[PDB]
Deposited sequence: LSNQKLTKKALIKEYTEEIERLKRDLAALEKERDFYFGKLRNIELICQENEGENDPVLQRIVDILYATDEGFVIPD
């Protein structure tokens, strides 16, 4: 019983550390895209339009 709890709690602790690092990385990249999205809206250029297409590549609106 004690050995099983020891193994699973160590596995859970490892998964939760990887989850925290992955979500931190996800929010880090999402912040970059939103700041780039802000720059494209301020300067609303054929180069910027290609960047806008990437930002909303999977957007079905409009």
**Message:** Without any C-alpha position in the structure, which residue ranges of the deposited sequence would you list, numbering from 1?
**Reply:** 1-7, 52-54, 73-76
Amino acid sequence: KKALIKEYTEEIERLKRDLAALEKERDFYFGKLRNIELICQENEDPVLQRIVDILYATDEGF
From here on, numbers count along this sequence of modelled residues.
**Item:** Selected stretch [higher average CA B-factor]: 15-23 or 45-53
**Value:** 45-53
**Asked** On average, which has the higher Cα B-factor in the deposited entry, 35-43 or 5-13?
**Response** 5-13
